[PDB]
$ cat upload10.tsv   # TSV, N, CA and C atoms
chain	number	residue	atom	x	y	z
A	105	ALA	N	-1.91	1.21	4.46
A	105	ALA	CA	-2.52	-0.04	4.93
A	105	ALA	C	-3.90	-0.24	4.30
A	106	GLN	N	-4.70	0.82	4.25
A	106	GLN	CA	-6.02	0.71	3.63
A	106	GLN	C	-5.91	0.48	2.14
A	107	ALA	N	-4.90	1.07	1.50
A	107	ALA	CA	-4.69	0.81	0.08
A	107	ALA	C	-4.36	-0.66	-0.17
A	108	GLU	N	-3.56	-1.26	0.70
A	108	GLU	CA	-3.22	-2.67	0.54
A	108	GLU	C	-4.42	-3.56	0.80
A	109	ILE	N	-5.28	-3.17	1.75
A	109	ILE	CA	-6.50	-3.93	1.97
A	109	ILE	C	-7.43	-3.82	0.77
A	110	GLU	N	-7.47	-2.64	0.14
A	110	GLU	CA	-8.27	-2.49	-1.07
A	110	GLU	C	-7.74	-3.37	-2.20
A	111	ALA	N	-6.41	-3.46	-2.32
A	111	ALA	CA	-5.82	-4.35	-3.32
A	111	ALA	C	-6.23	-5.79	-3.08
A	112	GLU	N	-6.23	-6.24	-1.82
A	112	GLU	CA	-6.65	-7.61	-1.57
A	112	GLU	C	-8.14	-7.81	-1.80
A	113	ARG	N	-8.96	-6.79	-1.54
A	113	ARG	CA	-10.38	-6.89	-1.86
A	113	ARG	C	-10.59	-7.06	-3.36
A	114	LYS	N	-9.89	-6.25	-4.16
A	114	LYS	CA	-9.90	-6.44	-5.61
A	114	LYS	C	-9.57	-7.88	-5.96
A	115	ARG	N	-8.50	-8.40	-5.38
A	115	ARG	CA	-8.07	-9.76	-5.70
A	115	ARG	C	-9.18	-10.77	-5.43
A	116	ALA	N	-9.78	-10.70	-4.24
A	116	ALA	CA	-10.79	-11.70	-3.88
A	116	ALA	C	-12.02	-11.59	-4.77
A	117	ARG	N	-12.45	-10.36	-5.05
A	117	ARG	CA	-13.62	-10.17	-5.91
A	117	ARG	C	-13.37	-10.75	-7.29
A	118	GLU	N	-12.21	-10.44	-7.88
A	118	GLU	CA	-11.91	-10.96	-9.21
A	118	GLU	C	-11.85	-12.48	-9.20
A	119	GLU	N	-11.26	-13.08	-8.16
A	119	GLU	CA	-11.17	-14.54	-8.12
A	119	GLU	C	-12.55	-15.18	-8.08
A	120	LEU	N	-13.43	-14.68	-7.21
A	120	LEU	CA	-14.79	-15.22	-7.14
A	120	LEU	C	-15.49	-15.08	-8.49
A	121	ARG	N	-15.36	-13.91	-9.11
A	121	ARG	CA	-15.99	-13.68	-10.41
A	121	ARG	C	-15.47	-14.66	-11.46
A	122	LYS	N	-14.16	-14.94	-11.44
A	122	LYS	CA	-13.60	-15.87	-12.41
A	122	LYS	C	-14.08	-17.30	-12.19
A	123	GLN	N	-14.26	-17.71	-10.94
A	123	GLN	CA	-14.77	-19.06	-10.70
A	123	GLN	C	-16.20	-19.19	-11.21
A	124	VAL	N	-17.05	-18.20	-10.89
A	124	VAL	CA	-18.41	-18.26	-11.39
A	124	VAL	C	-18.43	-18.15	-12.90
A	125	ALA	N	-17.46	-17.46	-13.50
A	125	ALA	CA	-17.39	-17.39	-14.96
A	125	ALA	C	-17.14	-18.77	-15.56
A	126	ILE	N	-16.13	-19.48	-15.03
A	126	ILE	CA	-15.83	-20.81	-15.56
A	126	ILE	C	-17.05	-21.71	-15.45
A	127	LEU	N	-17.64	-21.80	-14.26
A	127	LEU	CA	-18.73	-22.75	-14.09
A	127	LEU	C	-19.97	-22.34	-14.88
A	128	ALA	N	-20.27	-21.04	-14.92
A	128	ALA	CA	-21.42	-20.57	-15.68
A	128	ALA	C	-21.27	-20.92	-17.16
A	129	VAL	N	-20.09	-20.70	-17.74
A	129	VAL	CA	-19.95	-20.98	-19.16
A	129	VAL	C	-19.96	-22.48	-19.41
A	130	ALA	N	-19.47	-23.29	-18.47
A	130	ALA	CA	-19.55	-24.73	-18.66
A	130	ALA	C	-21.01	-25.21	-18.61
A	131	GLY	N	-21.80	-24.63	-17.71
A	131	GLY	CA	-23.22	-24.95	-17.69
A	131	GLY	C	-23.92	-24.53	-18.96
A	132	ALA	N	-23.57	-23.36	-19.49
A	132	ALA	CA	-24.11	-22.93	-20.77
A	132	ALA	C	-23.74	-23.92	-21.87
A	133	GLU	N	-22.51	-24.43	-21.83
A	133	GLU	CA	-22.08	-25.41	-22.82
A	133	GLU	C	-22.95	-26.65	-22.77
A	134	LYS	N	-23.16	-27.20	-21.57
A	134	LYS	CA	-23.95	-28.42	-21.47
A	134	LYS	C	-25.41	-28.17	-21.84
A	135	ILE	N	-25.94	-27.00	-21.50
A	135	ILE	CA	-27.30	-26.66	-21.90
A	135	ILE	C	-27.41	-26.66	-23.42
A	136	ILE	N	-26.52	-25.93	-24.09
A	136	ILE	CA	-26.57	-25.85	-25.54
A	136	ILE	C	-26.40	-27.23	-26.17
A	137	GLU	N	-25.58	-28.08	-25.55
A	137	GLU	CA	-25.38	-29.42	-26.09
A	137	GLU	C	-26.67	-30.24	-26.00
A	138	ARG	N	-27.34	-30.19	-24.85
A	138	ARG	CA	-28.54	-31.01	-24.68
A	138	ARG	C	-29.75	-30.38	-25.37
A	139	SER	N	-29.96	-29.08	-25.17
A	139	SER	CA	-31.11	-28.38	-25.75
A	139	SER	C	-30.72	-27.82	-27.11
A	140	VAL	N	-31.06	-28.55	-28.17
A	140	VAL	CA	-30.86	-28.07	-29.54
A	140	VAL	C	-31.87	-28.77	-30.44
A	141	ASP	N	-32.12	-28.17	-31.60
A	141	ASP	CA	-33.07	-28.71	-32.56
A	141	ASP	C	-32.62	-28.36	-33.97
A	142	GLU	N	-33.00	-29.21	-34.93
A	142	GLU	CA	-32.62	-28.97	-36.32
A	142	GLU	C	-33.17	-27.64	-36.83
A	143	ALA	N	-34.37	-27.26	-36.40
A	143	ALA	CA	-34.93	-25.98	-36.80
A	143	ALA	C	-34.15	-24.81	-36.25
A	144	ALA	N	-33.24	-25.05	-35.30
A	144	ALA	CA	-32.34	-24.03	-34.78
A	144	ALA	C	-30.97	-24.08	-35.45
A	145	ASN	N	-30.45	-25.28	-35.71
A	145	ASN	CA	-29.19	-25.39	-36.44
A	145	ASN	C	-29.33	-24.82	-37.84
A	146	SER	N	-30.44	-25.12	-38.51
A	146	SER	CA	-30.67	-24.54	-39.83
A	146	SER	C	-30.78	-23.02	-39.75
A	147	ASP	N	-31.36	-22.49	-38.67
A	147	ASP	CA	-31.43	-21.04	-38.53
A	147	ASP	C	-30.05	-20.43	-38.33
A	148	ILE	N	-29.19	-21.09	-37.55
A	148	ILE	CA	-27.84	-20.59	-37.36
A	148	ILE	C	-27.08	-20.61	-38.68
A	149	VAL	N	-27.18	-21.72	-39.42
A	149	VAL	CA	-26.47	-21.81	-40.69
A	149	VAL	C	-27.02	-20.80	-41.68
A	150	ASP	N	-28.33	-20.54	-41.64
A	150	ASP	CA	-28.93	-19.55	-42.52
A	150	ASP	C	-28.56	-18.12	-42.13
A	151	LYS	N	-28.20	-17.90	-40.87
A	151	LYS	CA	-27.61	-16.61	-40.50
A	151	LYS	C	-26.16	-16.51	-40.95
A	152	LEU	N	-25.43	-17.63	-40.92
A	152	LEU	CA	-24.04	-17.61	-41.37
A	152	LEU	C	-23.95	-17.36	-42.87
A	153	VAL	N	-24.69	-18.13	-43.67
A	153	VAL	CA	-24.58	-18.06	-45.13
A	153	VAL	C	-25.04	-16.71	-45.65
A	154	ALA	N	-25.60	-15.87	-44.78
A	154	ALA	CA	-26.01	-14.54	-45.21
A	154	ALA	C	-24.81	-13.68	-45.59
A	155	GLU	N	-23.64	-13.97	-45.03
A	155	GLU	CA	-22.46	-13.16	-45.27
A	155	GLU	C	-21.21	-14.02	-45.39
B	53	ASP	N	47.09	43.03	30.05
B	53	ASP	CA	45.67	42.76	30.20
B	53	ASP	C	44.89	43.01	28.91
B	54	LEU	N	45.42	43.80	27.98
B	54	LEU	CA	44.74	43.98	26.70
B	54	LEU	C	44.77	42.69	25.89
B	55	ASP	N	45.94	42.05	25.80
B	55	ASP	CA	46.02	40.77	25.10
B	55	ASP	C	45.29	39.67	25.87
B	56	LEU	N	45.24	39.77	27.20
B	56	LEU	CA	44.44	38.81	27.94
B	56	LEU	C	42.95	39.00	27.66
B	57	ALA	N	42.51	40.25	27.46
B	57	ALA	CA	41.13	40.49	27.06
B	57	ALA	C	40.85	39.95	25.67
B	58	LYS	N	41.82	40.10	24.75
B	58	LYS	CA	41.70	39.46	23.44
B	58	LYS	C	41.44	37.96	23.60
B	59	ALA	N	42.30	37.28	24.35
B	59	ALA	CA	42.14	35.84	24.53
B	59	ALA	C	40.83	35.52	25.23
B	60	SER	N	40.38	36.38	26.13
B	60	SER	CA	39.13	36.15	26.83
B	60	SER	C	37.95	36.23	25.88
B	61	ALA	N	37.92	37.25	25.03
B	61	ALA	CA	36.85	37.37	24.05
B	61	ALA	C	36.81	36.14	23.15
B	62	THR	N	37.97	35.71	22.65
B	62	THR	CA	37.97	34.56	21.74
B	62	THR	C	37.56	33.27	22.44
B	63	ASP	N	38.08	33.04	23.65
B	63	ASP	CA	37.72	31.84	24.40
B	63	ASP	C	36.24	31.84	24.74
B	64	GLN	N	35.69	33.02	25.05
B	64	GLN	CA	34.27	33.12	25.37
B	64	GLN	C	33.41	32.81	24.14
B	65	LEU	N	33.78	33.36	22.98
B	65	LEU	CA	33.07	33.02	21.75
B	65	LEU	C	33.06	31.51	21.52
B	66	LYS	N	34.25	30.89	21.53
B	66	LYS	CA	34.29	29.47	21.21
B	66	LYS	C	33.59	28.63	22.26
B	67	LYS	N	33.64	29.04	23.53
B	67	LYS	CA	32.92	28.30	24.56
B	67	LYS	C	31.42	28.38	24.34
B	68	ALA	N	30.92	29.57	24.01
B	68	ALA	CA	29.49	29.71	23.74
B	68	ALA	C	29.08	28.87	22.54
B	69	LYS	N	29.94	28.79	21.52
B	69	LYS	CA	29.56	28.05	20.32
B	69	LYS	C	29.55	26.54	20.59
B	70	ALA	N	30.57	26.04	21.29
B	70	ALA	CA	30.56	24.63	21.67
B	70	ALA	C	29.45	24.32	22.65
B	71	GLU	N	28.95	25.33	23.38
B	71	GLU	CA	27.81	25.13	24.26
B	71	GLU	C	26.50	25.08	23.48
B	72	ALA	N	26.41	25.83	22.38
B	72	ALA	CA	25.24	25.74	21.52
B	72	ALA	C	25.19	24.40	20.80
B	73	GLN	N	26.37	23.88	20.42
B	73	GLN	CA	26.39	22.63	19.67
B	73	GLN	C	25.77	21.48	20.46
B	74	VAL	N	25.93	21.46	21.78
B	74	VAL	CA	25.31	20.39	22.57
B	74	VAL	C	23.79	20.54	22.61
B	75	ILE	N	23.28	21.77	22.59
B	75	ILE	CA	21.84	21.97	22.50
B	75	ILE	C	21.32	21.39	21.19
B	76	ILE	N	22.02	21.70	20.10
B	76	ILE	CA	21.58	21.21	18.80
B	76	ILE	C	21.68	19.69	18.73
B	77	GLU	N	22.79	19.12	19.16
B	77	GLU	CA	22.84	17.68	18.86
B	77	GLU	C	21.74	17.04	19.71
B	78	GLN	N	21.40	17.70	20.80
B	78	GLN	CA	20.32	17.17	21.66
B	78	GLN	C	19.02	17.18	20.87
B	79	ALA	N	18.76	18.26	20.13
B	79	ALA	CA	17.48	18.34	19.41
B	79	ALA	C	17.49	17.24	18.36
B	80	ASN	N	18.64	17.05	17.73
B	80	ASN	CA	18.69	16.05	16.64
B	80	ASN	C	18.35	14.70	17.26
B	81	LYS	N	18.93	14.40	18.42
B	81	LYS	CA	18.67	13.08	19.03
B	81	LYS	C	17.20	12.97	19.40
B	82	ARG	N	16.64	14.01	20.02
B	82	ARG	CA	15.24	13.87	20.45
B	82	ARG	C	14.47	13.50	19.20
B	83	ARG	N	14.74	14.25	18.14
B	83	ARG	CA	14.06	14.00	16.88
B	83	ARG	C	14.17	12.53	16.49
B	84	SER	N	15.39	11.99	16.52
B	84	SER	CA	15.58	10.60	16.12
B	84	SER	C	14.79	9.65	17.02
B	85	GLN	N	14.61	10.02	18.29
B	85	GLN	CA	13.83	9.19	19.20
B	85	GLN	C	12.34	9.26	18.87
B	86	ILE	N	11.81	10.48	18.75
B	86	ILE	CA	10.36	10.64	18.60
B	86	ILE	C	9.90	10.11	17.25
B	87	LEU	N	10.72	10.24	16.21
B	87	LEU	CA	10.31	9.68	14.92
B	87	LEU	C	10.30	8.16	14.95
B	88	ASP	N	11.20	7.55	15.72
B	88	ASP	CA	11.17	6.10	15.89
B	88	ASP	C	9.91	5.67	16.63
B	89	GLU	N	9.54	6.42	17.67
B	89	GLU	CA	8.29	6.12	18.37
B	89	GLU	C	7.09	6.22	17.44
B	90	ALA	N	7.06	7.26	16.60
B	90	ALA	CA	5.94	7.43	15.68
B	90	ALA	C	5.88	6.27	14.69
B	91	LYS	N	7.03	5.88	14.15
B	91	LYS	CA	7.05	4.77	13.20
B	91	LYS	C	6.56	3.49	13.86
B	92	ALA	N	6.96	3.24	15.11
B	92	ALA	CA	6.55	2.00	15.76
B	92	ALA	C	5.04	2.00	16.03
B	93	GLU	N	4.50	3.14	16.46
B	93	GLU	CA	3.05	3.22	16.66
B	93	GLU	C	2.32	2.97	15.34
B	94	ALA	N	2.81	3.57	14.25
B	94	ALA	CA	2.18	3.34	12.95
B	94	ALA	C	2.24	1.87	12.56
B	95	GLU	N	3.36	1.21	12.82
B	95	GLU	CA	3.49	-0.19	12.45
B	95	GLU	C	2.49	-1.05	13.21
B	96	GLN	N	2.39	-0.86	14.53
B	96	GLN	CA	1.44	-1.66	15.30
B	96	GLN	C	0.00	-1.35	14.87
B	97	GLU	N	-0.28	-0.08	14.56
B	97	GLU	CA	-1.61	0.28	14.06
B	97	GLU	C	-1.92	-0.49	12.78
B	98	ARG	N	-0.96	-0.56	11.86
B	98	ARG	CA	-1.18	-1.32	10.64
B	98	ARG	C	-1.44	-2.78	10.95
B	99	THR	N	-0.62	-3.38	11.82
B	99	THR	CA	-0.82	-4.79	12.13
B	99	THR	C	-2.25	-5.05	12.59
B	100	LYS	N	-2.75	-4.24	13.53
B	100	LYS	CA	-4.09	-4.52	14.04
B	100	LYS	C	-5.15	-4.25	12.98
B	101	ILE	N	-5.00	-3.18	12.21
B	101	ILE	CA	-6.03	-2.83	11.23
B	101	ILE	C	-6.11	-3.89	10.14
B	102	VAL	N	-4.96	-4.42	9.71
B	102	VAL	CA	-4.96	-5.42	8.65
B	102	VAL	C	-5.47	-6.75	9.19
B	103	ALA	N	-5.14	-7.08	10.44
B	103	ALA	CA	-5.70	-8.30	11.03
B	103	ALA	C	-7.21	-8.21	11.15
B	104	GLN	N	-7.75	-6.99	11.28
B	104	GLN	CA	-9.20	-6.83	11.28
B	104	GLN	C	-9.77	-6.98	9.87
$ encode --input "upload10.tsv" --output "structure tokens"
Amino acid sequence: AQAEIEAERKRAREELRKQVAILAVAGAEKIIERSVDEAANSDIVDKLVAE
Amino acid sequence: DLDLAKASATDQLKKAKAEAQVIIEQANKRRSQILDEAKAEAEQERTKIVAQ
């Protein structure tokens, strides 16, 4: 019985973590979309063209 | 009376053995009862613990 309760605790913890993962990464997406500058895009491209 | 003693010895043996068999089947039954009681107690214990 305690093993089955532990399995359900695992389930609930993972579900909560996955919801916060989705929303956190979506917020990161919107941040990166709004907060950007050419002096940063050129830096990213200059890191890419290095290899 | 010698052959009657023969029959008496054999009848006594078989009577004692059939008398032991009822003791044994009794133990088997008690066992079947007490293990059912234990299983039911365990089941109700699980129900309450999981509901908690």
$ interface_residues --input "upload10.tsv" --of "chain A" --to "chain B" --cutoff "8 Å" --atoms "only N, CA and C atoms" --output "ChimeraX atom specification"
/A:105-106,109
$ write_last_selection --input "upload10.tsv" --atoms "N, CA and C atoms" --output "JSON list (two decimals), keeping the file's coordinate frame"
[["chain", "number", "residue", "atom", "x", "y", "z"],
["A", 105, "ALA", "N", -1.91, 1.21, 4.46],
["A", 105, "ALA", "CA", -2.52, -0.04, 4.93],
["A", 105, "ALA", "C", -3.90, -0.24, 4.30],
["A", 106, "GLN", "N", -4.70, 0.82, 4.25],
["A", 106, "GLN", "CA", -6.02, 0.71, 3.63],
["A", 106, "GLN", "C", -5.91, 0.48, 2.14],
["A", 109, "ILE", "N", -5.28, -3.17, 1.75],
["A", 109, "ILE", "CA", -6.50, -3.93, 1.97],
["A", 109, "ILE", "C", -7.43, -3.82, 0.77]]
$ atom_distance --input "upload10.tsv" --atom1 "atom N of residue 139 of chain A" --atom2 "atom C of residue 127 of chain A"
15.8 Å
$ atom_distance --input "upload10.tsv" --atom1 "atom C of residue 116 of chain A" --atom2 "atom CA of residue 103 of chain B"
17.3 Å
$ atom_distance --input "upload10.tsv" --atom1 "atom CA of residue 107 of chain A" --atom2 "atom CA of residue 100 of chain B"
15.0 Å
